[PDB]
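Participant: Have a look at this one.
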Amino acid sequence: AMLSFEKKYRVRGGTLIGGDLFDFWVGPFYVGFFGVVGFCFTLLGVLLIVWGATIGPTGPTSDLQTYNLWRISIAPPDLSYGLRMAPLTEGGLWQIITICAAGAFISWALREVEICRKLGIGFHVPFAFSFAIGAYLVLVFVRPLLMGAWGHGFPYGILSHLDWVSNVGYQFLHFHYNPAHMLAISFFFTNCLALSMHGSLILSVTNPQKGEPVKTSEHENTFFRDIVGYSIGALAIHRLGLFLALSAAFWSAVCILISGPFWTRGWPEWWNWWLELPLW
Amino acid sequence: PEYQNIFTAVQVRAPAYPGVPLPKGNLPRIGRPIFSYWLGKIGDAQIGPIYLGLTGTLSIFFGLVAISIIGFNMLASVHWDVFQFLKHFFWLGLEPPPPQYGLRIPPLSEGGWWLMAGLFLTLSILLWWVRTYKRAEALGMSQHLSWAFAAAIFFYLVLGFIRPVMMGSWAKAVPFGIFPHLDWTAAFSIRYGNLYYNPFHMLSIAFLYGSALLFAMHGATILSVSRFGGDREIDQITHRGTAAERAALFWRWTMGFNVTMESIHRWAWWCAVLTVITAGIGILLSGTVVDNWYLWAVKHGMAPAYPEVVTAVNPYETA
Amino acid sequence: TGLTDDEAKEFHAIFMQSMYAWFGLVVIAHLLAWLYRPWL
Amino acid sequence: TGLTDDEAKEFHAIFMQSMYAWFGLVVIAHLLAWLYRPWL
Amino acid sequence: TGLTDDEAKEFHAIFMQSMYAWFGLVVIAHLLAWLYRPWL
Amino acid sequence: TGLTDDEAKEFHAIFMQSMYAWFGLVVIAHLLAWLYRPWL
Amino acid sequence: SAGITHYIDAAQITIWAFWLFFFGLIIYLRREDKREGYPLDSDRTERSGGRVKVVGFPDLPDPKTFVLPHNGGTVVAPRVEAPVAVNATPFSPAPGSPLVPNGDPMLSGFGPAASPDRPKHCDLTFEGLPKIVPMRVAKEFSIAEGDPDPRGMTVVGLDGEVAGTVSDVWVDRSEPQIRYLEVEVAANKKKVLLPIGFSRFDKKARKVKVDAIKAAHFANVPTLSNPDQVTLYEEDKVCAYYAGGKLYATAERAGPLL
Amino acid sequence: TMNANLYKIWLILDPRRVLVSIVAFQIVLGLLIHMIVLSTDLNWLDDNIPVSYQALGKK
Amino acid sequence: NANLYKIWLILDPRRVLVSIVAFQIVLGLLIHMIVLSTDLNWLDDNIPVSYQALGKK
Amino acid sequence: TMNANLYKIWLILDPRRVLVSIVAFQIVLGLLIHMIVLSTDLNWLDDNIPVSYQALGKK
Amino acid sequence: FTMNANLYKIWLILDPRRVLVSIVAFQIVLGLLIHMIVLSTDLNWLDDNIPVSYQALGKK
Amino acid sequence: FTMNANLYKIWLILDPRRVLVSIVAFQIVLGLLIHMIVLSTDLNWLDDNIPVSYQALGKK
Amino acid sequence: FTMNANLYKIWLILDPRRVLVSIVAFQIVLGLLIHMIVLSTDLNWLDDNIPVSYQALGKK
Ligand code: BCL
Ligand code: BCL
Ligand code: BCL
Ligand code: BCL
Ligand code: BCL
Ligand code: BCL
Ligand SMILES: CC[C@H]1c2cc3[nH]c4c(c3C)C(=O)[C@H](C(=O)OC)c4c3nc(cc4[nH]c(cc(n2)[C@@H]1C)c(C(C)=O)c4C)[C@@H](C)[C@@H]3CCC(=O)OC/C=C(\C)CCC[C@H](C)CCC[C@H](C)CCCC(C)C
Ligand SMILES: CC[C@H]1c2cc3[nH]c4c(c3C)C(=O)[C@H](C(=O)OC)c4c3nc(cc4[nH]c(cc(n2)[C@@H]1C)c(C(C)=O)c4C)[C@@H](C)[C@@H]3CCC(=O)OC/C=C(\C)CCC[C@H](C)CCC[C@H](C)CCCC(C)C
Ligand SMILES: CC(C)=CCC/C(C)=C/CC/C(C)=C/CC/C(C)=C/CC/C(C)=C/CC/C(C)=C/CC/C(C)=C/CC/C(C)=C/CC1=C(C)C(=O)c2ccccc2C1=O
Ligand SMILES: COC(C)(C)C/C=C/C(C)=C/C=C/C(C)=C/C=C/C(C)=C/C=C\C=C(C)\C=C\C=C(C)\C=C\C=C(C)\C=C\CC(C)(C)OC
Ligand SMILES: [Ca+2]
Ligand SMILES: [Ca+2]
Ligand SMILES: [Ca+2]
Ligand SMILES: [Ca+2]
Ligand SMILES: [Ca+2]
Ligand SMILES: [Fe+3]
């Protein structure tokens, strides 16, 4: 099927590393050379993981082994097997899944590109997505490497993956003082503010007061030019945004790549270089 | 190799546009608007002018007061010795009243200034929401900021008036300093189970994510199709075009379904509001409700279960 | 502004008074209370 | 600015009456206060 | 700026008498407190 | 720039003078200061 | 939570609450999502998902009435739309197969360079005059004190070789931002609006390279009806062209690399 | 004494802004008064009167 | 008091007005507090009698 | 002394800036006094006398 | 001002408004800055020595 | 002034205004920094020794 | 300045303003930075030792 006006954009080709073969759609999705692969991993994961759900802790029999998202979780191998394929049962499986998921985001990521091409548009989207992609590597790869352990990454638990942070986080006591985590946090906030403004304003100009005209920038560019005094501008908002977020991510990315392989003391301490300044 | 709308390459300028004039009641705007090439190499280089009504001043005033308290008391700490004030800055602060005067007006010393200053960052904050809805519709504008602002301002009160005062504790209310405040969240997680187990937080997260997600997409998307006036959404909302044509289409042949140059801006305003919403939720439950969310969780069949390579002993029992 | 000299004062009085309804309502509230629980 | 000496002057007295009105309304507030519980 | 010499000197004068208005009202202020609660 | 040699001196002279008024004003401040609590 | 029923208390009620009104509001959006572009067109495939409903689970919302600005018709949504043409032939009859841009794609007006027919009325400013205008009427403007003035910069095809130059850089009364540059082409000796969004500045050599369309294509660039102002209709019109270049200007581009 | 001169003010100050805003100013303060008296000064409800509302109720 | 009138020829009266009104609203809300907090908490602490202390008990 | 040549001051300095800047300074400064002083020993509110009317009346 | 007499020139390059106002602030701050840095450790007449009796002796 | 002789050409490449207002701060800051830093540890003449113990002898 | 003979050409590729004022900041920081490092560690000539404590002996 197609959108009211989609029927007129589905050109031929535009693919990246080949794909002029499966260069077609299905439902509302373009396949290509990446919609294809990503799929593979998807089931050889979304389901490969099912095996895990099946297996569980001890075994598929252990009263420990359950089928409640809230609990189900695939655990990485022991730090034992450092940078080596662990026994699926003991770790590998986890690795396997993770193996896939990597590509599934590398495909869909690229697939995005082929699209970005077809629809002869800008590529800000994927490029952005990549960061988000990366932050997933430098948080289950770039780090665990400089820790010589694959099993040294994190789990795949609906909420189980929560603790994994709880710990590695306290491993430095007041993780909160991590310089990055502070900023990286700040962003994931600022973003959730500007956003709660743009997406608001707009939905307040195009659908303004009763019996009123679809307001124009000649308002917007003043809306805040009144409350706060200044207005970043309209084009801008759609900049500051990506900015914030595409940074917040990359930040946090740092945030946990350095926590450990680049710093072992409790963060609170790091903050000492400050104090000790030959001045105060 | 196409000019990816990063920083407005070449700029241009025209006189100070003091916005659309306002009705009978909206006092004169004020300020002699300025320009900054730099600031402007990102957005509307013009600066100001800004409005200032009653709540406008009334609120701003109630603002630079708490600051002049939470600011003062703080400096006092490091015995008016700025040098260290500068040093122990990120550490300093102003704590609330001691568990005794749970709700009673704390003495001029013991956590007093904080309750004082607090209420003045309780009104001015609430008063500034007025400096919105007011200056908002007096622009012929509907209300969606004013709305959200609440959702957020809601959570703020879930960290005070509504809960701290709800448990009789001029302590259960966050401190007043970057680090110490940075500690309150820490302290909290503990005192009561471990937040990672109170859904309404593990929830309010996904949102603080989505926003960190979406307004991060649509920010790009727009840009991607900003050549095709995507940035001009305004009209695209009304008279569509190739912008919302190329855009949404993307997501159509990507994640399948998709929406409109309008809709998106909706989810936007939503995820956002649906954030501080879920925030103040848990924070409200956590306290006068469940006391340990970890127990809650598992007691509901939530909290997971792993093997056991390590366990300890219990003095209170064997001893 | 936005007004003249006549219709203007028409309001001055019109409301001025009303308000006293309050000050008075308030004073009945502040006196009736004082009689009840002595505060100091 | 945006006014002349005429319209201005008038404003000066009219509000001045109400201004001292404060100095008076609040002076009675204190004087009766100092009476109640002497401070310093 | 925005004015000439004439309007300038006139302002300065009245503007002064208003400043000595303070110093005097504040110095007399200090003194009254100085008598009551001696600092130093 | 924006000014010429002629008023260059005039602004120069008016400002220079006052500056020394404070230098004498404060030097004196540090004088009564030393008188009260001697330092170093 | 996955098994069925276990614990029982208060707060756990509420978690159900929000996590209910969510699944409600979720639909609200769904509908609000559908306004324009709906309903769908062909049957090349069916609705992928859990419950394959006729056309979207959330019954299409009702018409919305957009009260345009002064001297402006009124728009609504949804709002049935008149089918368009498809200047292309399906490479394959298979549902979901691509459509080749018959004849010269560069202007065949398809996908990579297709576009809708926005209103043929120059979008105006606050009071009346039209927003996007050339620096002609935009005489009350001035280049950003510092930024090297683009007026006089020779455009240069993505092939490198020159392709006309520039003229007036269409500013805006709404936001002092350049949105277009007049490009007095070389062969046509005409005027082709340059979409800054597609114009890459090279303040080093007075040039302005546009890796979008070959130098020649500046001739096939949709011509402006009037030079003193451009209407929404064409606002999309000029753009969409260069756009195609992204997947046309060279046999290379369009076809895969590996 | 000062009542007569002031009426000329209405022309200079809009009634609606001053009237409806005060409507709130009056409502906001009175809410935050019971808020202060109720919070610290005295709790006329659980204060004096046989607090044994549950001591003689829960029994 | 004589020459004080001329001020209205340069500064917008409405401004100083709304400026003053906001200044006396916070201050008062401040003072009553800055004092009720320390000097004499006339509200709760000394009078009239403890209907709660000598009563509730 | 100073006044005669000081009228020329307003010839470069706007009356508004001085009128606006000074009010802001006198009050914030005034506030940072009783304030920094109040918290100082010569406190007057709850520090000493008059006779502990609170300590006496209360109990 | 044996040498600072030929300075007259400066004013054109140094804008009067920029130099006048801006310096009256640096003073308005440092004023407080000093009194604070000194009031902090050196000696504190406010809580350093008598009269400080009324506070303790005069209190209760 | 081994080099200070031909050094005059300096005004030509360096903006008079930019260099003039810059040292204005660097010196304004460097100096407040130095008195801040020295006064912090080396000799804190403020709360350090004599003449008399305004605090010690006066407070008690 | 032997290089000079062959070194003059450098300035055609390196803008005078870009390298002149640029190094001026470099010299200014490194320097401030060094005293900061040395001083803080090696020997803190300031509060570190001799001639001897003055505030310590005069205080007590
Ligand atoms: C121990 C508890 C500590 C703590 C420990 C940690 C630890 C440990 C870590 C963080 C990390 C982060 N923390 Mg912390 N943190 C604490 C308290 C906080 C608070 C708070 C208010 O209290 C905040 C706001 C934050 C904020 C943050 C972020 C800055 C940061 C990154 C998150 C992220 O988005 O990665 C972005 C991630 C991704 C884009 C990857 C996932 C997306 C992938 C590519 C796609 C998935 C597709 C899917 C499989 C397919 C199916 C389809 C489905 C529909 C989805 N922390 C406490 C004090 N925090 C993490 C970090 O810094 O990461 C860099 C981290 O590792
Ligand atoms: C501290 C020891 C005493 C005490 C001593 C004092 C002293 C001393 C004073 C007060 C004053 C006030 N006290 Mg008391 N007070 C005590 C206990 C209380 C308690 C209590 C619950 O226990 C309360 C609720 C109050 C409440 C009040 C306020 C009614 C009043 C004004 C404050 C103010 O500055 O507003 C800010 C002001 C304004 C918003 C506007 C000013 C009003 C004028 C008259 C209107 C302007 C004219 C305009 C052009 C027309 C439009 C009108 C409106 C703007 C719409 N007091 C204790 C017992 N109180 C002050 C007072 O009563 O002044 C008369 C005062 O001086
Ligand atoms: C503190 C010790 C006493 C006590 C002492 C006092 C004293 C003393 C006073 C009050 C007053 C009030 N008390 Mg009490 N009160 C106590 C216990 C209570 C309890 C309780 C459950 O125990 C309650 C519920 C209340 C509630 C109330 C309010 C009804 C009343 C006004 C408050 C207010 O801000 O109005 C907000 C006000 C306004 C909006 C403005 C005026 C109303 C106008 C006319 C309506 C708007 C008109 C507009 C132009 C038209 C548009 C319509 C809509 C507004 C849009 N008190 C205890 C027992 N209380 C005050 C009072 O009742 O005065 C009469 C008062 O002076
Ligand atoms: C600390 C020991 C003493 C004490 C000693 C002193 C001393 C000593 C002084 C004060 C002074 C003041 N004290 Mg005290 N004070 C005490 C306890 C108190 C308490 C209390 C609750 O216990 C209170 C509320 C106050 C409150 C006050 C203020 C009313 C007053 C001025 C401060 C200021 O910054 O002016 C700053 C001024 C301004 C912002 C305005 C600018 C002035 C010019 C001249 C007017 C503007 C002109 C304009 C263009 C015309 C338009 C007119 C209108 C603005 C519309 N004090 C204790 C008991 N107090 C000061 C004072 O009142 O001096 C007279 C003072 O010198
Ligand atoms: C340290 C122990 C001593 C003490 C020792 C000293 C010493 C030593 C000095 C002071 C000085 C000052 N002290 Mg002390 N001081 C003590 C206790 C106090 C207390 C107190 C409550 O206990 C107070 C309130 C003060 C207050 C003051 C200030 C009056 C004064 C200058 C401040 C300033 O920087 O403005 C700064 C300047 C400006 C804003 C502008 C520059 C001034 C120019 C000349 C004219 C303005 C021109 C303008 C362009 C024209 C337009 C006019 C208007 C701006 C519109 N001291 C204790 C008892 N104090 C200083 C002083 O007063 O010197 C005379 C000083 O040297
Ligand atoms: C560490 C143990 C010693 C010590 C050892 C050293 C040593 C060793 C050295 C210094 C140096 C310096 N030390 Mg030491 N120093 C000590 C204690 C101190 C104390 C102290 C309070 O105790 C202080 C305040 C200082 C301060 C200083 C600076 C004066 C000085 C240079 C800084 C610089 O990098 O220039 C920054 C540079 C620039 C801004 C520009 C580059 C210079 C060019 C050539 C001129 C500019 C040309 C321009 C284009 C023309 C326009 C002219 C104007 C700019 C308009 N030292 C202790 C006792 N110190 C350095 C020094 O003085 O070298 C001479 C040095 O080598
Ligand atoms: C700052 C960057 C923000 C961001 C951006 C972002 N996300 C994006 C994009 C962008 C720009 C897309 O373009 C893409 C998208 O939606 O394209 C249409 C996407 C996307 N962001 C997604 C998720 C996501 N993003 C997140 C965050 C963020 N994304 C950041 C906040 C988060 C979290 C936790 O914060 C999540 C969960 C996806 C919905 C989508 C990418 C979908 C995709 O490529 O899926 C491929 C694979 C499958 C559909 C099948 C899965 C099979 C695998 C083998 C299993 C993997 C298991 C997994 C590792 C374990 C998970 C368990 C946990 C609970 C522990
Ligand atoms: C999901 C909801 C998100 C959100 C939403 C949100 N925030 C909002 C809004 C909304 C909808 C507004 O409408 C409002 C806003 O910006 O309105 C224009 C706002 C706002 N969100 C703000 C902050 C904020 N929001 C945050 C978060 C969030 N807000 C959530 C992520 C956070 C955090 C903790 O991450 C912060 C810090 C403010 C910028 C603004 C509300 C401002 C307000 O109420 O101001 C009252 C007045 C004052 C504080 C007076 C200021 C005094 C002077 C003007 C300044 C002088 C200098 C200063 C004192 C420095 C000290 C110097 C001394 C030497 C003197
Ligand atoms: C027992 C049991 C049931 C077992 C299960 C067994 C099963 C089902 C096995 C199969 C497993 C498999 C293969 C699963 C995969 C199935 C597939 C393909 C699922 C789809 C995957 C996918 C990525 C879905 C989307 C994920 C979601 C919903 C993410 C939410 C993030 C979010 C809020 C996105 C917003 C989406 C929207 C509205 C996009 C539209 C949109 C955006 C974002 C603009 O910016 C924009 C700008 C200008 C104009 C228009 C637009 C516009 O329309
Ligand atoms: C000396 O100071 C000078 C002069 C140098 C000026 C400088 C000032 C500076 C630098 C100030 C800096 C301030 C900073 C850094 C502040 C930081 C604050 C932070 C990080 C705060 C973080 C969280 C704060 C929270 C959550 C606050 C919540 C407050 C609440 C909920 C208050 C509620 C008040 C209520 C409900 C009051 C009700 C009235 C009563 C009490 C009467 O009801 C009974
Ligand atoms: Ca604390
Ligand atoms: Ca009392
Ligand atoms: Ca006293
Ligand atoms: Ca003393
Ligand atoms: Ca000394
Ligand atoms: Fe948008």
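Chain labels run A, B, ... following the order of the structure tokens; each chain numbers its residues from 1, and ligands are numbered from 1 in the order shown.
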Please provide the set of residues having any atom within 9 Å of segment 16-30 of chain J, restricted to only C-alpha atoms, with same-chain residues fewer than 4 positions apart removed, written as a list in words.
Facilitator: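 Skipping anything fewer than 4 positions along the chain leaves residues 68 of chain B; 10 and 11 of chain I; 34 and 35 of chain J; 28 of chain K.
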Participant: List all protein, DNA and RNA residues that have any atom at most 7 Å from ligand 15, counting only C-alpha atoms and all ligand atoms, and write the list as a ChimeraX atom specification.
Facilitator: /F:39-40 /L:44-50 /M:55
Participant: For the selection just defined, write its residues with C-alpha atoms to a file, as an mmCIF file, in the first residue's frame.
Facilitator:
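See again28.cif below for the written result:
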data_model
loop_
_atom_site.group_PDB
_atom_site.id
_atom_site.type_symbol
_atom_site.label_atom_id
_atom_site.label_comp_id
_atom_site.auth_asym_id
_atom_site.auth_seq_id
_atom_site.Cartn_x
_atom_site.Cartn_y
_atom_site.Cartn_z
ATOM 1 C CA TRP F 39 46.605 45.678 60.080
ATOM 2 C CA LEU F 40 49.222 43.670 58.122
ATOM 3 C CA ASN L 44 47.067 35.658 55.120
ATOM 4 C CA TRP L 45 47.721 38.968 56.910
ATOM 5 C CA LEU L 46 43.960 39.102 57.477
ATOM 6 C CA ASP L 47 43.298 36.219 59.868
ATOM 7 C CA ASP L 48 46.925 35.482 60.660
ATOM 8 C CA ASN L 49 48.627 37.375 63.470
ATOM 9 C CA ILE L 50 48.854 40.958 64.753
ATOM 10 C CA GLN M 55 51.483 34.483 60.470
#
Participant: If we count only C-alpha atoms, which residues of chain D reach to within 8 Å of chain H? Please list them as a ChimeraX atom specification.
Facilitator: /D:14-15,17-18,21
Participant: What does the C-alpha RMSD come to when chain F is least-squares superposed onto chain E, all C-alpha atoms paired in sequence order?
Facilitator: 0.6 Å
Participant: Please give the root-mean-square deviation of the Cα atoms once chain H has been least-squares fitted onto chain J, pairing every Cα in order.
Facilitator: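 Fitting chain H to chain J over paired C-alpha atoms yields 1.7 Å.
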Participant: So, counting only C-alpha atoms and all ligand atoms, which residue among B:179, B:129, B:196, B:101 is closest to ligand 11?
Facilitator: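 Going through B:179, B:129, B:196, B:101 one by one, the smallest distance to ligand 11 is for B:179.
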Participant: Show me which residues line ligand 9, defined as having an atom within 6 Å of a ligand atom where only C-alpha atoms and all ligand atoms count, and present them as a list in words.
Facilitator: residues 42, 43 and 46 of chain A; 217, 218, 221, 222, 244, 247, 248, 251, 255, 258, 259, 260, 261 and 264 of chain B
Participant: Using DSSP on the backbone coordinates, identify all residues within segment 59-278 of chain A classified as strand (DSSP E); present the result as a VMD selection string.
Facilitator: chain A and resid 73 to 74 156 to 157
Participant: Excluding segment 32-37 of chain F and its own-chain neighbours fewer than 5 positions away, which residues fall within 9 Å of it when counting only C-alpha atoms? Please give them as a PyMOL selection string.
Facilitator: (chain K and resi 43) or (chain L and resi 51-52+54)
Participant: Can you spit out the residues from that selection as a PDB file, in the first residue's frame, using N, CA, C and O atoms?
Facilitator:
ATOM      1  N   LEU K  43      39.397  40.315  60.556  1.00  0.00           N
ATOM      2  CA  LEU K  43      38.771  40.730  61.801  1.00  0.00           C
ATOM      3  C   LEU K  43      37.303  40.956  61.482  1.00  0.00           C
ATOM      4  O   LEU K  43      36.972  41.446  60.403  1.00  0.00           O
TER       5      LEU K  43
ATOM      6  N   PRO L  51      48.109  43.292  64.596  1.00  0.00           N
ATOM      7  CA  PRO L  51      48.618  43.735  65.898  1.00  0.00           C
ATOM      8  C   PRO L  51      48.017  43.065  67.132  1.00  0.00           C
ATOM      9  O   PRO L  51      48.736  42.414  67.891  1.00  0.00           O
ATOM     10  N   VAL L  52      46.712  43.227  67.332  1.00  0.00           N
ATOM     11  CA  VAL L  52      46.033  42.638  68.483  1.00  0.00           C
ATOM     12  C   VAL L  52      45.036  41.569  68.034  1.00  0.00           C
ATOM     13  O   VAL L  52      44.724  41.460  66.850  1.00  0.00           O
ATOM     14  N   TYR L  54      41.707  41.054  67.885  1.00  0.00           N
ATOM     15  CA  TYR L  54      40.365  41.618  67.890  1.00  0.00           C
ATOM     16  C   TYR L  54      39.349  40.525  68.191  1.00  0.00           C
ATOM     17  O   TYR L  54      38.426  40.719  68.983  1.00  0.00           O
TER      18      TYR L  54
END
Participant: Which residues are close to residue 7 of chain F, i.e. within 12 Å by only C-alpha atoms, leaving aside same-chain residues fewer than 6 positions away? Reply as a PyMOL selection string.
Facilitator: (chain F and resi 13-14) or (chain K and resi 8-12+16)
Participant: Using atom CA of residue 2 of chain A and atom CA of residue 98 of chain G as the two end points, give the distance in Å to one decimal.
Facilitator: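 Computed distance, atom CA of residue 2 of chain A to atom CA of residue 98 of chain G, equals 12.1 Å.
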Participant: Can you work out the spacing between atom 36 (C, counted along the ligand's line) of ligand 1 and atom CA of residue 132 of chain A in Å, to one decimal?
Facilitator: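 Distance reported for this atom pair: 5.7 Å.
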Participant: Find the residues in chain F near chain K: any atom within 8 Å counts, using only C-alpha atoms. Write them as a ChimeraX atom specification.
Facilitator: /F:1-5,8-9,11-13
Participant: Got time to write the residues from that selection, N, CA and C atoms, as a PDB file, in the first residue's frame?
Facilitator:
ATOM      1  N   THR F   1      36.458  55.466  18.037  1.00  0.00           N
ATOM      2  CA  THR F   1      36.841  56.909  17.983  1.00  0.00           C
ATOM      3  C   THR F   1      35.642  57.810  18.247  1.00  0.00           C
ATOM      4  N   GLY F   2      35.287  58.628  17.261  1.00  0.00           N
ATOM      5  CA  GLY F   2      33.990  59.274  17.271  1.00  0.00           C
ATOM      6  C   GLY F   2      34.059  60.669  17.849  1.00  0.00           C
ATOM      7  N   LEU F   3      35.209  61.002  18.427  1.00  0.00           N
ATOM      8  CA  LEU F   3      35.442  62.312  19.023  1.00  0.00           C
ATOM      9  C   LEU F   3      36.711  62.912  18.425  1.00  0.00           C
ATOM     10  N   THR F   4      36.915  64.202  18.657  1.00  0.00           N
ATOM     11  CA  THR F   4      38.083  64.888  18.124  1.00  0.00           C
ATOM     12  C   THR F   4      38.985  65.409  19.239  1.00  0.00           C
ATOM     13  N   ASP F   5      40.146  65.929  18.854  1.00  0.00           N
ATOM     14  CA  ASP F   5      41.122  66.460  19.795  1.00  0.00           C
ATOM     15  C   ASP F   5      40.553  67.472  20.789  1.00  0.00           C
ATOM     16  N   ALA F   8      38.434  65.985  23.281  1.00  0.00           N
ATOM     17  CA  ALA F   8      39.210  64.854  23.765  1.00  0.00           C
ATOM     18  C   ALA F   8      39.805  65.266  25.105  1.00  0.00           C
ATOM     19  N   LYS F   9      40.271  66.509  25.176  1.00  0.00           N
ATOM     20  CA  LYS F   9      40.853  67.038  26.398  1.00  0.00           C
ATOM     21  C   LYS F   9      39.778  67.334  27.443  1.00  0.00           C
ATOM     22  N   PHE F  11      36.757  65.948  28.001  1.00  0.00           N
ATOM     23  CA  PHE F  11      36.271  64.752  28.673  1.00  0.00           C
ATOM     24  C   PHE F  11      37.419  64.251  29.535  1.00  0.00           C
ATOM     25  N   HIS F  12      38.624  64.394  28.998  1.00  0.00           N
ATOM     26  CA  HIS F  12      39.842  63.969  29.666  1.00  0.00           C
ATOM     27  C   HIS F  12      40.005  64.656  31.015  1.00  0.00           C
ATOM     28  N   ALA F  13      39.902  65.979  31.008  1.00  0.00           N
ATOM     29  CA  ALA F  13      40.060  66.771  32.223  1.00  0.00           C
ATOM     30  C   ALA F  13      38.968  66.571  33.275  1.00  0.00           C
TER      31      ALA F  13
END
Participant: Using only C-alpha atoms and all ligand atoms, find each protein or nucleic acid residue lying at most 7 Å from ligand 2; present the set as a list in words.
Facilitator: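 Answer in the requested format: residues 18, 22, 25, 26, 27, 29, 30 and 33 of chain D; 18, 22, 33 and 37 of chain H; 21, 24, 25, 27, 28, 29, 32, 35, 36, 42 and 43 of chain I.
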Participant: So that I have them on file, write out the residues from the current selection with C-alpha atoms, as a PDB file, in the first residue's frame.
Facilitator:
ATOM      1  CA  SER D  18      -1.853  57.854  48.251  1.00  0.00           C
ATOM      2  CA  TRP D  22       1.251  54.169  52.856  1.00  0.00           C
ATOM      3  CA  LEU D  25      -0.975  53.106  56.952  1.00  0.00           C
ATOM      4  CA  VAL D  26       2.291  51.353  57.770  1.00  0.00           C
ATOM      5  CA  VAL D  27       3.342  53.833  60.447  1.00  0.00           C
ATOM      6  CA  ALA D  29       1.098  49.366  61.730  1.00  0.00           C
ATOM      7  CA  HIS D  30       4.414  49.718  63.564  1.00  0.00           C
ATOM      8  CA  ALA D  33       3.167  47.087  66.941  1.00  0.00           C
TER       9      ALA D  33
ATOM     10  CA  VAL H  18      -6.285  44.956  37.754  1.00  0.00           C
ATOM     11  CA  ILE H  22      -6.675  40.784  42.033  1.00  0.00           C
ATOM     12  CA  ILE H  33      -2.831  31.768  54.841  1.00  0.00           C
ATOM     13  CA  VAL H  37      -1.813  29.089  60.182  1.00  0.00           C
TER      14      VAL H  37
ATOM     15  CA  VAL I  21       3.537  47.523  43.865  1.00  0.00           C
ATOM     16  CA  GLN I  24       5.884  46.067  48.571  1.00  0.00           C
ATOM     17  CA  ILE I  25       4.157  42.730  48.020  1.00  0.00           C
ATOM     18  CA  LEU I  27       8.817  42.594  51.121  1.00  0.00           C
ATOM     19  CA  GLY I  28       5.726  42.370  53.300  1.00  0.00           C
ATOM     20  CA  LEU I  29       5.440  38.662  52.597  1.00  0.00           C
ATOM     21  CA  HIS I  32       6.123  39.082  58.319  1.00  0.00           C
ATOM     22  CA  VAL I  35      10.251  38.192  61.725  1.00  0.00           C
ATOM     23  CA  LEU I  36       7.600  35.551  62.427  1.00  0.00           C
ATOM     24  CA  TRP I  42       3.210  35.316  67.699  1.00  0.00           C
ATOM     25  CA  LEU I  43       1.251  32.673  65.819  1.00  0.00           C
TER      26      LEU I  43
END
Participant: Applying 10 Å and only C-alpha atoms, which residues near residue 252 of chain A remain after dropping the ones on its own chain fewer than 3 positions away? List them as a list in words.
Facilitator: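 These residues fall inside the cut-off: residues 135, 138, 139, 180, 181, 182, 183, 184, 185, 187, 188, 247, 248, 249, 255, 256 and 257 of chain A.
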